[PDB]
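For reference, the structure is listed below as structure tokens.
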Amino acid sequence: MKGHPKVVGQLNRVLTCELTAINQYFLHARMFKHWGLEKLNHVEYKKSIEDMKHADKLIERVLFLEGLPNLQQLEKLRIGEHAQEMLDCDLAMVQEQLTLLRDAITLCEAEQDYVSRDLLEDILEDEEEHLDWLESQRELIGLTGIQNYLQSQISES
Amino acid sequence: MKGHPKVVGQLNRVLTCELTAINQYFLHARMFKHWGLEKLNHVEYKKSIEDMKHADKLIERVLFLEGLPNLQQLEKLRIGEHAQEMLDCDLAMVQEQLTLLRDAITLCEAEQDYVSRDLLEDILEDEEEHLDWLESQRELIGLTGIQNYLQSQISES
Amino acid sequence: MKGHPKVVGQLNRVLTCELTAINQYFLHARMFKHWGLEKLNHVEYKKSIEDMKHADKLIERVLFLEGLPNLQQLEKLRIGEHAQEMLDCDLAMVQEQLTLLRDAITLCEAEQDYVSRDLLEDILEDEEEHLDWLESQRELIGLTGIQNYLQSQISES
Amino acid sequence: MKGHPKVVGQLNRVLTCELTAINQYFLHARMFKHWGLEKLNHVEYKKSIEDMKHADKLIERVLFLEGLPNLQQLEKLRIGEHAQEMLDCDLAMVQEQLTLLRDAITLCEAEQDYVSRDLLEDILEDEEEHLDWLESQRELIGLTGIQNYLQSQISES
Amino acid sequence: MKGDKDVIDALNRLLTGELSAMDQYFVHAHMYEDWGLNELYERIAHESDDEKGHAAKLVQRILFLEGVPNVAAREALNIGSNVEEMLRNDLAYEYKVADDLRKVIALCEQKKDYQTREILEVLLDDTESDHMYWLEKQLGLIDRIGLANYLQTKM
Amino acid sequence: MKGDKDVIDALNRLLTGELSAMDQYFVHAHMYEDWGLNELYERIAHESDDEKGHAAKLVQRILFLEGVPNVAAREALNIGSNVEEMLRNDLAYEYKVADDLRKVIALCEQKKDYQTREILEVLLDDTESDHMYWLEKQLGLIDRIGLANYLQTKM
Amino acid sequence: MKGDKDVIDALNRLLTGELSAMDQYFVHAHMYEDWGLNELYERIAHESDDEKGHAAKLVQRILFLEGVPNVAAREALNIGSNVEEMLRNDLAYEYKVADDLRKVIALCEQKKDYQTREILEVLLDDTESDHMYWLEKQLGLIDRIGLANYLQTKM
Ligand code: HEM
Ligand code: HEM
Ligand code: NA
Ligand code: NA
């Protein structure tokens, strides 16, 4: 089905941002593994796998809409040096990506692209569950301290 | 363990090339799925998963060697328009990446980095098994024709 | 719950079109079975079963909204003579029915009928997955030829 | 096998009537479900499934006989407002359809179309078992009253 | 995240509605059990549990949106005295909840708060396709078989 | 049976208490979940469910005694802002419920309503041996290991 | 077969290293157990067992190469007095073993003794990817959470 050019452009931009998220989440997961923080590894890895599924769905939607998926471009990665900075960078990226998703859902509704909108709404609920998790982690660092919080991440389960 | 700067640079370059391979293989797998060629989808997807594991191992090795994994850079993607062109682009990328791996193995041996060399040798055997598969596919297209070859890819198993 | 008259009219029109789709898909599935093309039989039959479920849901929604389901009217059936013509007729009907679904989703949103809209969005995603499949089949006929494509449909699995 | 034109015409007319029966039985089953009469739902739904199988067999027979199945035409639907009226409409349709089946069996015997006759005899035994069930329901309404009879249909099993 | 102020107010009104629904379904289920009508007791108790699930989802959403859930406020309960009256009160109250849910879904669409929109769409789907439909079926059955036959099936 | 009028009034006050407890434990459990403190969320949610069970028993007893359960009235909720405050509010409110339960058990003994006495004795046994004791243990643990260690165990 | 004389000498030095590692990991694991730090006890005991496996492989290779394994000689053990010191001594000694393994792998490559090369490459892969990495992670965790939090996780 020939999709709207604006919808394909928005999907390609959400795809760029999902790929940037995959890369940042995997680098952060492996930086966490390198420090022995295994539960943070596990969370960031499953989140990178999740954005992997999201990018897969966006590529398939851009292909179905007879567009050209743009896997070449990536955004700038925010790689932190320590756990708090990495969590803040992840938070900032989730927030930017949620703003982007909301703009794309608005445009998909304006163009009567309703299955693109359903796709983007699944991506939105997932990204906003991870936003919830990151805010929980920040509150936990504020509550128990960074040393106690990091001690809880040593064991993966 | 503090690794050699040359070995970390070579590992980062092999990592750039593994990430480029992941992106190209996934775009090609989903272009194949979009055309109903399901067995080609499956092969290109498992190959992208394999280069995914390779990039994971390279990131972990660069981190263990107290280097900075470079997930930001990607090489230029060769995306084909039809099956033969996509297979040729995959072939060209495997060949370039094998040359790179051989240079990196030589350097790792010259620096007595033997576990980096073992890592790169696993990546080499995998990449060169996929080279074998791509050459098999080209011979099969030459033997049965492109229409017969593509008909064999319709069903995934 | 007393539904909007416009929403019930749109649901009844989508129902007419879903019933026409059931009839056309079943006639085409049995024309395919008559020719020994068993995998095409299976696809067209499961698609007719799927539009059967869609018509069931539309009837239940029109009844819940205190409307009168119109199972009496059917649209004109496009019955092809050969496989390509039948697939093109199926494509044309899916495209018309998708346009209809999009108009109905727009109207359901304008009337704050949000569960009617959710129903129609499920029907839209299903119809547009079948649109994807039909476009895949057309690309496969263009790639492998009609004789090779039809040979792949002889065995159902 | 090239079938007799009269036999194919009779099979197409029995097919029109079987399709009309499918539609009427499904509308009635869902009207019963909408009223909470679940056992009546179940009976009318399995009867619509049964006429579905009958229409499938008639389509396959008309196709084997090198005829054109007519799924486009439907007869007028008798949709009742309440349970007794719906059961009477179902009764009237079964009786008309049984008369039609008997005429078609007579013609199939006159044309030495004996497998068409066996098909139509299976359809006849099924339709006349449902005639038996409908007459049983009318006798039960006369015996226990309509309020007691409808109370027995609330639970599906 | 920081939710829209109007979206949090509307979510809090929906929460008041769900909590009042819980109380009304609770007392009605137990009034049905006191009368030996165990099938209505079980159905209405499970609906009170579903209202508790909806209220949990709304409270979680209000807290995520950095609002203060209001579980103290309650709407006036309309308790029936006989089975038909309690079923009609439950239906009136489901109608009010569905209307208010539609208003808040429209508001969430205007305020770009899509995720609250799907939470409320799941709530509206339950309200319509789970218990408004059931109540309309029950009142239609009372109309068809009579109240004494209807109550006999509910024991 | 026809219950004593004072016993039904006291049962209705206990019902108001149990329903307010349910609301407070509900919002506190969800405030704990919003903060990532899943162990407190789960514990306090199960206690809200136990309050719902107690309220069900009280409503059943009031209806059996031919009274009218009052599920509309609610006491003022005391919602805390931080973990220690919410635990102390839950403890204060459990103390009040236990005191009021003891008064009503004494009343049921004077009014010869022995069966209401054992229903309320089971309620008092839960209130003391299930969650008042747990809250006192939690506050003592906060005193022993500190609040940051205590909250670390609750994730 | 008749192995190269230099390759057997280097294999015997690697054997002395592995045996000293075994002794040090043994006494350190038991010093961890004496202190109630059972997770460190178990980890360091399993590493002493892996050192025993490496020493077995080296002895088998030296005997196959028609050499005389030297299990009598031992390097000086560096026993720590507190957890950080024992972890740092284990890390220093893993570093020394990895350096010496690299020298012997280079020698086996020059002497065409490829099979000794892969035996030592498996040993080096264990030394790096099994316990040098683990020790660096442990020291980084001590740096991040502190020593008292780190030791609390090891009980
Ligand atoms: C830094 C780059 C990446 C790394 C290190 C990485 C790593 C991984 C790993 C380890 C897996 C699981 C493999 C398995 O256990 O079978 C995976 C799964 C997957 N990846 Fe990636 N990946 C990367 C980028 C991407 C990209 C860019 C895409 C698509 C555009 C992608 C698509 C997928 C898909 C579809 C899956 C399957 C989901 C699943 O595991 O269930 N990946 N990835
Ligand atoms: C030309 C008309 C139709 C034919 C020949 C037909 C045929 C069939 C057949 C053979 C089955 C599978 C039965 C079984 O194996 O148990 C089926 C299933 C079904 N049909 Fe139809 N059907 C027709 C129209 C309809 C219509 C108009 C509706 C609803 C408005 C409908 C609703 C259903 C449903 C709900 C199912 C169950 C889905 C399933 O099989 O899992 N059908 N149909
Ligand atoms: Na062929
Ligand atoms: Na601690």
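The chains in the structure tokens are called A, B, ... from first to last as shown; in each chain the residues are counted from 1, and the ligands are counted from 1 in the order shown.
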*as a PyMOL selection string, please: all residues of range 24-152 of chain D that backbone DSSP puts in helix (DSSP H, G or I).*
chain D and resi 24-34+38-64+83-110+114-144+146-151
*Which residues of chain G are close to chain B, meaning at most 12 Å apart when you count only C-alpha atoms, and how do they look as a ChimeraX atom specification?*
/G:91-92,94-96,98-107,109,117-118,120-137
*Residues within 8 Å of ligand 4 (only C-alpha atoms and all ligand atoms), as number ranges by chain?*
A: 147-148, 151; F: 148-149, 152; G: 149, 152
*asked:* I'd like the neighbourhood of range 121-127 of chain C as a PyMOL selection string, where a residue qualifies if any of its atoms comes within 10 Å (using only C-alpha atoms), though same-chain residues fewer than 6 positions away should be ignored.
replied: (chain A and resi 114-116+118) or (chain C and resi 14+18+47+50-51+53-55+57-58+94-95+97-102+104-105+115+133)
Can you write just those residues out, N, CA and C atoms, as a PDB file, in the first residue's frame?
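The new file selection-v6.pdb reads:
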ATOM      1  N   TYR A 114      -4.120   4.746  10.338  1.00  0.00           N
ATOM      2  CA  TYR A 114      -4.534   4.275  11.650  1.00  0.00           C
ATOM      3  C   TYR A 114      -3.748   3.061  12.116  1.00  0.00           C
ATOM      4  N   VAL A 115      -3.174   2.281  11.200  1.00  0.00           N
ATOM      5  CA  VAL A 115      -2.351   1.155  11.628  1.00  0.00           C
ATOM      6  C   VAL A 115      -0.937   1.620  11.935  1.00  0.00           C
ATOM      7  N   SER A 116      -0.456   2.630  11.214  1.00  0.00           N
ATOM      8  CA  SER A 116       0.748   3.321  11.647  1.00  0.00           C
ATOM      9  C   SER A 116       0.558   3.900  13.039  1.00  0.00           C
ATOM     10  N   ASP A 118      -1.522   2.788  15.378  1.00  0.00           N
ATOM     11  CA  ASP A 118      -1.532   1.692  16.346  1.00  0.00           C
ATOM     12  C   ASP A 118      -0.119   1.198  16.644  1.00  0.00           C
TER      13      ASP A 118
ATOM     14  N   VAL C  14     -19.863  -1.403   6.332  1.00  0.00           N
ATOM     15  CA  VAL C  14     -18.696  -2.261   6.500  1.00  0.00           C
ATOM     16  C   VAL C  14     -19.118  -3.720   6.593  1.00  0.00           C
ATOM     17  N   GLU C  18     -17.967  -6.745   4.266  1.00  0.00           N
ATOM     18  CA  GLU C  18     -17.337  -7.928   4.847  1.00  0.00           C
ATOM     19  C   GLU C  18     -18.022  -9.202   4.368  1.00  0.00           C
ATOM     20  N   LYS C  47      -8.705 -16.659   4.962  1.00  0.00           N
ATOM     21  CA  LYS C  47      -9.104 -15.262   4.825  1.00  0.00           C
ATOM     22  C   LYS C  47     -10.619 -15.109   4.844  1.00  0.00           C
ATOM     23  N   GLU C  50     -11.598 -15.398   8.305  1.00  0.00           N
ATOM     24  CA  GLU C  50     -11.264 -14.181   9.027  1.00  0.00           C
ATOM     25  C   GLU C  50     -12.308 -13.099   8.790  1.00  0.00           C
ATOM     26  N   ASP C  51     -12.716 -12.900   7.538  1.00  0.00           N
ATOM     27  CA  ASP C  51     -13.793 -11.955   7.267  1.00  0.00           C
ATOM     28  C   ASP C  51     -15.109 -12.418   7.861  1.00  0.00           C
ATOM     29  N   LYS C  53     -15.267 -13.897  10.907  1.00  0.00           N
ATOM     30  CA  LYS C  53     -15.143 -13.345  12.257  1.00  0.00           C
ATOM     31  C   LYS C  53     -15.389 -11.840  12.281  1.00  0.00           C
ATOM     32  N   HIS C  54     -14.905 -11.130  11.266  1.00  0.00           N
ATOM     33  CA  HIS C  54     -15.137  -9.690  11.193  1.00  0.00           C
ATOM     34  C   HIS C  54     -16.614  -9.367  11.071  1.00  0.00           C
ATOM     35  N   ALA C  55     -17.322 -10.091  10.209  1.00  0.00           N
ATOM     36  CA  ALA C  55     -18.751  -9.867  10.058  1.00  0.00           C
ATOM     37  C   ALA C  55     -19.486 -10.203  11.341  1.00  0.00           C
ATOM     38  N   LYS C  57     -18.293  -9.873  14.411  1.00  0.00           N
ATOM     39  CA  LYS C  57     -18.071  -8.753  15.320  1.00  0.00           C
ATOM     40  C   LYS C  57     -18.882  -7.529  14.923  1.00  0.00           C
ATOM     41  N   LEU C  58     -19.007  -7.260  13.625  1.00  0.00           N
ATOM     42  CA  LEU C  58     -19.807  -6.116  13.200  1.00  0.00           C
ATOM     43  C   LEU C  58     -21.285  -6.323  13.494  1.00  0.00           C
ATOM     44  N   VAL C  94      -9.930  -5.610  -1.296  1.00  0.00           N
ATOM     45  CA  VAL C  94      -9.268  -5.210  -0.055  1.00  0.00           C
ATOM     46  C   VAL C  94      -9.025  -3.709  -0.032  1.00  0.00           C
ATOM     47  N   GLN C  95      -8.639  -3.128  -1.165  1.00  0.00           N
ATOM     48  CA  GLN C  95      -8.354  -1.698  -1.185  1.00  0.00           C
ATOM     49  C   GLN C  95      -9.620  -0.875  -0.987  1.00  0.00           C
ATOM     50  N   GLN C  97     -12.239  -1.857   0.547  1.00  0.00           N
ATOM     51  CA  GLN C  97     -12.751  -2.116   1.880  1.00  0.00           C
ATOM     52  C   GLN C  97     -11.905  -1.392   2.920  1.00  0.00           C
ATOM     53  N   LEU C  98     -10.626  -1.162   2.610  1.00  0.00           N
ATOM     54  CA  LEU C  98      -9.755  -0.394   3.495  1.00  0.00           C
ATOM     55  C   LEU C  98     -10.113   1.084   3.468  1.00  0.00           C
ATOM     56  N   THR C  99     -10.389   1.623   2.280  1.00  0.00           N
ATOM     57  CA  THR C  99     -10.901   2.990   2.196  1.00  0.00           C
ATOM     58  C   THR C  99     -12.168   3.148   3.027  1.00  0.00           C
ATOM     59  N   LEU C 100     -13.090   2.195   2.888  1.00  0.00           N
ATOM     60  CA  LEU C 100     -14.319   2.219   3.671  1.00  0.00           C
ATOM     61  C   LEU C 100     -14.033   2.183   5.167  1.00  0.00           C
ATOM     62  N   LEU C 101     -13.126   1.304   5.595  1.00  0.00           N
ATOM     63  CA  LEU C 101     -12.801   1.204   7.013  1.00  0.00           C
ATOM     64  C   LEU C 101     -12.209   2.500   7.540  1.00  0.00           C
ATOM     65  N   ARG C 102     -11.404   3.183   6.729  1.00  0.00           N
ATOM     66  CA  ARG C 102     -10.791   4.420   7.194  1.00  0.00           C
ATOM     67  C   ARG C 102     -11.835   5.507   7.358  1.00  0.00           C
ATOM     68  N   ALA C 104     -14.943   4.962   8.070  1.00  0.00           N
ATOM     69  CA  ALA C 104     -15.743   4.602   9.234  1.00  0.00           C
ATOM     70  C   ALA C 104     -15.001   4.896  10.532  1.00  0.00           C
ATOM     71  N   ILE C 105     -13.679   4.709  10.556  1.00  0.00           N
ATOM     72  CA  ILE C 105     -12.908   5.031  11.754  1.00  0.00           C
ATOM     73  C   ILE C 105     -12.906   6.530  12.003  1.00  0.00           C
ATOM     74  N   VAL C 115     -15.221   2.367  21.028  1.00  0.00           N
ATOM     75  CA  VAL C 115     -15.131   0.912  20.949  1.00  0.00           C
ATOM     76  C   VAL C 115     -15.506   0.435  19.556  1.00  0.00           C
ATOM     77  N   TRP C 133      -0.119  -9.389   2.076  1.00  0.00           N
ATOM     78  CA  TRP C 133       0.071 -10.717   1.496  1.00  0.00           C
ATOM     79  C   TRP C 133      -0.214 -10.719  -0.001  1.00  0.00           C
TER      80      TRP C 133
END
Write down, as a tab-separated table (two decimals) with C-alpha atoms, in the first residue's frame, each residue of chain D that has any atom within 7 Å of an atom of chain C, counting only C-alpha atoms.
chain	number	residue	atom	x	y	z
D	23	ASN	CA	-27.31	-15.51	6.76
D	30	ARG	CA	-26.69	-13.21	17.28
D	34	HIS	CA	-28.01	-10.22	22.34
D	60	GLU	CA	-17.56	-27.93	-4.78
D	63	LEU	CA	-17.33	-26.61	-9.67
D	71	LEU	CA	-22.71	-16.92	-4.48
D	72	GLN	CA	-23.97	-13.48	-5.50
D	77	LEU	CA	-34.45	-13.06	4.70
Which protein, DNA or RNA residues have an atom within 12 Å of ligand 3, counting only C-alpha atoms and all ligand atoms, as a PDB file with N, CA and C atoms, in the first residue's frame?
ATOM      1  N   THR B 144      20.373 -23.001 -11.525  1.00  0.00           N
ATOM      2  CA  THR B 144      18.943 -23.176 -11.707  1.00  0.00           C
ATOM      3  C   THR B 144      18.256 -21.951 -12.289  1.00  0.00           C
ATOM      4  N   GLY B 145      18.958 -20.838 -12.430  1.00  0.00           N
ATOM      5  CA  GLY B 145      18.338 -19.603 -12.852  1.00  0.00           C
ATOM      6  C   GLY B 145      17.780 -18.816 -11.680  1.00  0.00           C
ATOM      7  N   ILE B 146      17.529 -17.531 -11.923  1.00  0.00           N
ATOM      8  CA  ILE B 146      17.094 -16.657 -10.840  1.00  0.00           C
ATOM      9  C   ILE B 146      15.637 -16.919 -10.488  1.00  0.00           C
ATOM     10  N   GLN B 147      14.815 -17.270 -11.478  1.00  0.00           N
ATOM     11  CA  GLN B 147      13.406 -17.529 -11.206  1.00  0.00           C
ATOM     12  C   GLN B 147      13.222 -18.819 -10.423  1.00  0.00           C
ATOM     13  N   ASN B 148      13.979 -19.859 -10.769  1.00  0.00           N
ATOM     14  CA  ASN B 148      13.927 -21.096 -10.001  1.00  0.00           C
ATOM     15  C   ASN B 148      14.535 -20.912  -8.623  1.00  0.00           C
ATOM     16  N   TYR B 149      15.611 -20.133  -8.530  1.00  0.00           N
ATOM     17  CA  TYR B 149      16.255 -19.919  -7.240  1.00  0.00           C
ATOM     18  C   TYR B 149      15.334 -19.167  -6.296  1.00  0.00           C
ATOM     19  N   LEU B 150      14.685 -18.117  -6.797  1.00  0.00           N
ATOM     20  CA  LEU B 150      13.785 -17.326  -5.973  1.00  0.00           C
ATOM     21  C   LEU B 150      12.551 -18.115  -5.573  1.00  0.00           C
ATOM     22  N   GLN B 151      12.115 -19.046  -6.416  1.00  0.00           N
ATOM     23  CA  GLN B 151      10.993 -19.906  -6.069  1.00  0.00           C
ATOM     24  C   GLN B 151      11.324 -20.802  -4.885  1.00  0.00           C
ATOM     25  N   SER B 152      12.596 -21.164  -4.723  1.00  0.00           N
ATOM     26  CA  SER B 152      13.013 -22.004  -3.610  1.00  0.00           C
ATOM     27  C   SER B 152      13.081 -21.244  -2.296  1.00  0.00           C
ATOM     28  N   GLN B 153      12.993 -19.919  -2.333  1.00  0.00           N
ATOM     29  CA  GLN B 153      13.056 -19.086  -1.144  1.00  0.00           C
ATOM     30  C   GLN B 153      11.686 -18.659  -0.653  1.00  0.00           C
ATOM     31  N   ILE B 154      10.621 -19.039  -1.353  1.00  0.00           N
ATOM     32  CA  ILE B 154       9.277 -18.617  -0.976  1.00  0.00           C
ATOM     33  C   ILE B 154       8.897 -19.171   0.390  1.00  0.00           C
TER      34      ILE B 154
ATOM     35  N   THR C 144       9.278 -14.771  -9.933  1.00  0.00           N
ATOM     36  CA  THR C 144       9.496 -16.150 -10.337  1.00  0.00           C
ATOM     37  C   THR C 144       8.684 -16.557 -11.555  1.00  0.00           C
ATOM     38  N   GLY C 145       7.781 -15.711 -12.025  1.00  0.00           N
ATOM     39  CA  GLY C 145       6.883 -16.084 -13.095  1.00  0.00           C
ATOM     40  C   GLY C 145       5.628 -16.760 -12.577  1.00  0.00           C
ATOM     41  N   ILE C 146       4.608 -16.803 -13.432  1.00  0.00           N
ATOM     42  CA  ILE C 146       3.319 -17.331 -13.001  1.00  0.00           C
ATOM     43  C   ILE C 146       3.362 -18.850 -12.914  1.00  0.00           C
ATOM     44  N   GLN C 147       4.128 -19.499 -13.791  1.00  0.00           N
ATOM     45  CA  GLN C 147       4.206 -20.955 -13.760  1.00  0.00           C
ATOM     46  C   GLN C 147       4.970 -21.443 -12.539  1.00  0.00           C
ATOM     47  N   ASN C 148       6.059 -20.763 -12.185  1.00  0.00           N
ATOM     48  CA  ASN C 148       6.784 -21.114 -10.971  1.00  0.00           C
ATOM     49  C   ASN C 148       5.979 -20.768  -9.734  1.00  0.00           C
ATOM     50  N   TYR C 149       5.263 -19.644  -9.764  1.00  0.00           N
ATOM     51  CA  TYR C 149       4.474 -19.243  -8.607  1.00  0.00           C
ATOM     52  C   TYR C 149       3.351 -20.232  -8.352  1.00  0.00           C
ATOM     53  N   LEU C 150       2.655 -20.640  -9.411  1.00  0.00           N
ATOM     54  CA  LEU C 150       1.556 -21.581  -9.272  1.00  0.00           C
ATOM     55  C   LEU C 150       2.042 -22.956  -8.850  1.00  0.00           C
ATOM     56  N   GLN C 151       3.256 -23.327  -9.246  1.00  0.00           N
ATOM     57  CA  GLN C 151       3.831 -24.591  -8.811  1.00  0.00           C
ATOM     58  C   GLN C 151       4.065 -24.608  -7.308  1.00  0.00           C
ATOM     59  N   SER C 152       4.325 -23.445  -6.713  1.00  0.00           N
ATOM     60  CA  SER C 152       4.543 -23.357  -5.276  1.00  0.00           C
ATOM     61  C   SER C 152       3.254 -23.456  -4.480  1.00  0.00           C
ATOM     62  N   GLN C 153       2.103 -23.374  -5.139  1.00  0.00           N
ATOM     63  CA  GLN C 153       0.807 -23.444  -4.485  1.00  0.00           C
ATOM     64  C   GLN C 153       0.178 -24.822  -4.572  1.00  0.00           C
ATOM     65  N   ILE C 154       0.829 -25.768  -5.243  1.00  0.00           N
ATOM     66  CA  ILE C 154       0.260 -27.099  -5.421  1.00  0.00           C
ATOM     67  C   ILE C 154       0.095 -27.802  -4.080  1.00  0.00           C
TER      68      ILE C 154
END
Excluding range 33-43 of chain E and any residue of its chain fewer than 3 positions from it, enumerate the residues within 7 Å of it, using only C-alpha atoms, and give them as a PDB file with N, CA, C and O atoms, in the first residue's frame.
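Writing the result to part21.pdb gives the following:
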ATOM      1  N   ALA E  29     -23.886  -6.905  45.646  1.00  0.00           N
ATOM      2  CA  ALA E  29     -23.557  -8.322  45.658  1.00  0.00           C
ATOM      3  C   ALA E  29     -23.917  -8.943  46.992  1.00  0.00           C
ATOM      4  O   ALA E  29     -24.458 -10.051  47.048  1.00  0.00           O
ATOM      5  N   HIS E  30     -23.662  -8.230  48.083  1.00  0.00           N
ATOM      6  CA  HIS E  30     -23.961  -8.827  49.375  1.00  0.00           C
ATOM      7  C   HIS E  30     -25.453  -8.815  49.675  1.00  0.00           C
ATOM      8  O   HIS E  30     -25.944  -9.700  50.382  1.00  0.00           O
ATOM      9  N   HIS E  46     -17.709 -10.037  41.279  1.00  0.00           N
ATOM     10  CA  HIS E  46     -16.622  -9.987  40.315  1.00  0.00           C
ATOM     11  C   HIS E  46     -16.579  -8.636  39.617  1.00  0.00           C
ATOM     12  O   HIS E  46     -15.504  -8.156  39.242  1.00  0.00           O
ATOM     13  N   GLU E  47     -17.731  -7.991  39.448  1.00  0.00           N
ATOM     14  CA  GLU E  47     -17.713  -6.659  38.855  1.00  0.00           C
ATOM     15  C   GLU E  47     -17.149  -5.623  39.814  1.00  0.00           C
ATOM     16  O   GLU E  47     -16.486  -4.674  39.389  1.00  0.00           O
ATOM     17  N   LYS E 154     -31.090 -17.310  39.064  1.00  0.00           N
ATOM     18  CA  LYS E 154     -29.997 -16.631  39.737  1.00  0.00           C
ATOM     19  C   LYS E 154     -29.647 -17.254  41.074  1.00  0.00           C
ATOM     20  O   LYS E 154     -28.748 -16.757  41.752  1.00  0.00           O
ATOM     21  N   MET E 155     -30.335 -18.312  41.473  1.00  0.00           N
ATOM     22  CA  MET E 155     -30.062 -18.955  42.744  1.00  0.00           C
ATOM     23  C   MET E 155     -28.865 -19.885  42.654  1.00  0.00           C
ATOM     24  O   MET E 155     -28.587 -20.498  41.631  1.00  0.00           O
TER      25      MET E 155
ATOM     26  N   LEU F  63     -26.304  -7.461  57.240  1.00  0.00           N
ATOM     27  CA  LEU F  63     -27.487  -7.848  56.482  1.00  0.00           C
ATOM     28  C   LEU F  63     -28.200  -9.024  57.136  1.00  0.00           C
ATOM     29  O   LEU F  63     -29.432  -9.056  57.178  1.00  0.00           O
ATOM     30  N   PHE F  64     -27.445 -10.001  57.643  1.00  0.00           N
ATOM     31  CA  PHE F  64     -28.062 -11.116  58.353  1.00  0.00           C
ATOM     32  C   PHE F  64     -28.837 -10.632  59.569  1.00  0.00           C
ATOM     33  O   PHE F  64     -29.940 -11.113  59.840  1.00  0.00           O
TER      34      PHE F  64
END
For chain E against chain F, with a cut-off of 9 Å and counting only C-alpha atoms, what is the closest atom pair and its distance in Å to one decimal for every residue that makes the cut, ordered by chain and number, as CSV?
residue,atom,partner,partner_atom,distance
E:20,CA,F:72,CA,8.4
E:23,CA,F:71,CA,6.3
E:24,CA,F:71,CA,7.9
E:26,CA,F:56,CA,8.0
E:27,CA,F:71,CA,7.1
E:30,CA,F:60,CA,6.4
E:31,CA,F:63,CA,7.2
E:33,CA,F:60,CA,8.3
E:34,CA,F:63,CA,6.6
E:56,CA,F:30,CA,7.7
E:59,CA,F:30,CA,6.9
E:60,CA,F:30,CA,6.3
E:63,CA,F:34,CA,6.4
E:64,CA,F:34,CA,6.6
E:69,CA,F:27,CA,7.4
E:70,CA,F:27,CA,8.5
E:71,CA,F:23,CA,6.2
E:72,CA,F:77,CA,6.6
E:73,CA,F:74,CA,8.7
E:74,CA,F:72,CA,7.6
E:75,CA,F:72,CA,8.5
E:76,CA,F:72,CA,7.3
E:77,CA,F:72,CA,6.6
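For the choices B:40, B:29, B:52, B:120, the atom-to-atom distance to ligand 1 is smallest for B:52 when using only C-alpha atoms and all ligand atoms.
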